[PDB]
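Report on the structure given below.
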Amino acid sequence: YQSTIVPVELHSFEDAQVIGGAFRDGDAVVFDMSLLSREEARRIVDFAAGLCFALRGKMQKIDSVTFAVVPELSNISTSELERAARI
Amino acid sequence: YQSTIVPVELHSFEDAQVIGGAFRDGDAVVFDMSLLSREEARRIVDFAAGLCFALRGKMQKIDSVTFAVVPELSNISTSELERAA
Amino acid sequence: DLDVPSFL
Amino acid sequence: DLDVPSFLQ
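Protein chains in written order, with the authors' numbering: chain B, 65 to 151; chain A, 65 to 149; chain Q, 434 to 441; chain P, 434 to 442.
What follows is the structure, encoded as structure tokens:
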């Protein structure tokens with residue numbers, strides 16, 4: 065299936081809702097954690113792991129501050145996620 | 065009557081797979097975090113919050129070391145979870 | 434303190 | 434270190 069790639073800049077910790085809403089809608093999400101504390105970034109990765117497990121998605125680390133969640137039926141490449149994140 | 069409440073004893077973050085599998089199957093899960101550090105317990109609660117968001121479930125704190133994830137339309141009450149725990 | 438997050 | 438958990442790798 066073909067999915068949209070939603071880039072998310074986490075400006076505050078309450079932005080896990082944005083990752084959740086887009087991924088639950090069947091979109092791939094590439095999220096940047098460079099504006100968060102070390103502790104907040106750990107919380108986001110754990111929450112995204114939960115979303116991913118529940119909907120049988122795929123999770124990947126792009127770099128030290130960038131991760132992505134991809135729906136089960138989507139074939140989205142690492143390069144496509146990097147381009148969407150402007151990496 | 066005889067609704068499925070899955071008990072889980074956590075030893076590390078990897079045991080989150082057991083909570084996820086049961087909850088994704090539409091079962092309520094009651095998990096104990098007494099063997100974990102406060103940092104590890106925080107990680108488990110965040111993972112379970114991700115599960116809840118994805119499947120529109122309910123999360124509740126039973127005590128300082130016991131939490132539960134309940135499917136959206138579960139016919140189980142807080143008192144039933146407390147009795148099971 | 435260990436709690437259920439605000440949005441839940 | 435921040436990584437994807439074992440069960441998703």
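Every residue, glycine too, gets a C-beta built ideally from N, C-alpha and C.
Leaving out the 5 sequence neighbours to the left and right, which residues in its chain are closer than 7 Å to B/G114 when beta-carbon positions are compared? Closer than 7 Å at the Cβ level, and outside the excluded window around B/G114, lies no residue.
DSSP beta-bridge partners for B/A92? Answer by DSSP bridge pairing, in chain order: B/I69.
Whole-angstrom distance between A/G90 and A/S143, CA atom to CA atom: 19 Å
Please check the pair B/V70 and B/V93, which I expect to be a contact at CB under 8 Å, by giving their CB distance rounded to whole angstroms. The Cβ separation is near 5 Å, so the contact holds.
Round the Cβ separation of A/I140 and A/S67 to the nearest angstrom and send it over; I've been treating them as touching at under 8 Å. 5 Å
Taking 8 Å as the threshold (C-beta atoms), are B/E104 and B/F77 in contact? Yes.
Along chain B, which residues have their Cβ under 8 Å away from the Cβ of A/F111? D110, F111, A113, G114, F117
So which residues of chain Q does B/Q81 contact, with C-beta pairs closer than 8 Å? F440
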